[PDB]
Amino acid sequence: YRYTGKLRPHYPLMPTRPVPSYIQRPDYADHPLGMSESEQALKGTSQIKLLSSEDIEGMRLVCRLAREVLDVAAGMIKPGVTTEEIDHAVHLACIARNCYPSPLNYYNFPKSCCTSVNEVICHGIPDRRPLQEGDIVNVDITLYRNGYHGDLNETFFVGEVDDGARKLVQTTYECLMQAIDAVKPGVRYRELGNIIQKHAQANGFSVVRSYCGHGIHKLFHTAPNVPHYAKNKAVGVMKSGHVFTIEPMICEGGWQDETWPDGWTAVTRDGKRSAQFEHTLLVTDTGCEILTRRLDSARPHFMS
């Protein structure tokens, strides 16, 4: 394999971390290939669930806990910490909240979170590499509690970063929030990418096309698919009671991606940097509830 930038994987990985059996597990956690037969049974649909009041309380809970776990990871970002050390803290933080770390064994993903440094677009595997001053790193968290998943991510600065990194991360966050500010009953899901791309392109950046926001509730991913680029063909109209993510991946150079031989790590083909932010949203009767928001502080960690 010809690497696209300076990053390399730092092996070996630790053996997979067990989750105590008192923690409730999603179907795929015990499947030998990590397949989710509840996702498979619904493979085949654009129909979107309307959540019950019961489901809304379960989503509110797991999303608040997921935010608490992202905040634990945020407090670890400093030069010299390895991404495996971040993952270990996340794993234990999930278990302390009586939650399963949804990534773990999902289609045999080997870790409890994704850590995406520099040219990694998404799904980076925590490994032995120490963070370096000047890096940007995304940590993506998903928890499972009482049959519900909750999903969020933020990009962080590692010590001092250059102006390009600041502009990329700020723009990506602004893309997410402009999209969120448009969510309300009656808006087509395909509109959000028109908003995102407009702001990215105005700032000289590109939008990843191979990954999208997703419905999330009893399944980790389900309908709707929410592309982040303009003039997409997404199906559906937002209604109160829909729950889904918005998770734009914005790149310094071109938008084209490729995957490492590990089968997960998505990188820019040109080796330039990418950033991402994500929230889980509930559509309400007149707008949206940001389930994964910070309750205690005004701004994302990179601005705090």
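By rigid core we mean the largest C-alpha set that fits within 1.5 Å across both forms. The first residue of the shown sequence is 1; numbering continues from there.
Fitting each structure in 4 other deposited structures of this protein onto the rigid core and averaging C-alpha distances over structures and residues, 39-47 emerges as the more displaced of 233-241 and 39-47.
When the two stretches 164-172 and 117-125 are set side by side, the higher mean Cα temperature factor goes to 164-172.
Remark: stretch with higher mean C-alpha B factor among 184-192 and 83-91 is 184-192.
Highest CA B-factor among the listed residues (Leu70, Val237, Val267, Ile250): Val237. Going by the entry's values, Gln47 shows the largest Cα B-factor out of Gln276, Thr245, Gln47, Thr259.
Compared with the other modelled residues of the chain, the Cα B-factor recorded for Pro12 ranks in the lowest third. When the CA B factors of the chain's modelled residues are split into thirds, the value for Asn225 lands in the highest one.
Sort the modelled residues of the chain by CA B factor and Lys233 lands in the highest third. Remark: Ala202 belongs to the highest third of its chain, ranked by C-alpha B-factor as recorded. Remark: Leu143 belongs to the lowest third of its chain, ranked by C-alpha B-factor as recorded.
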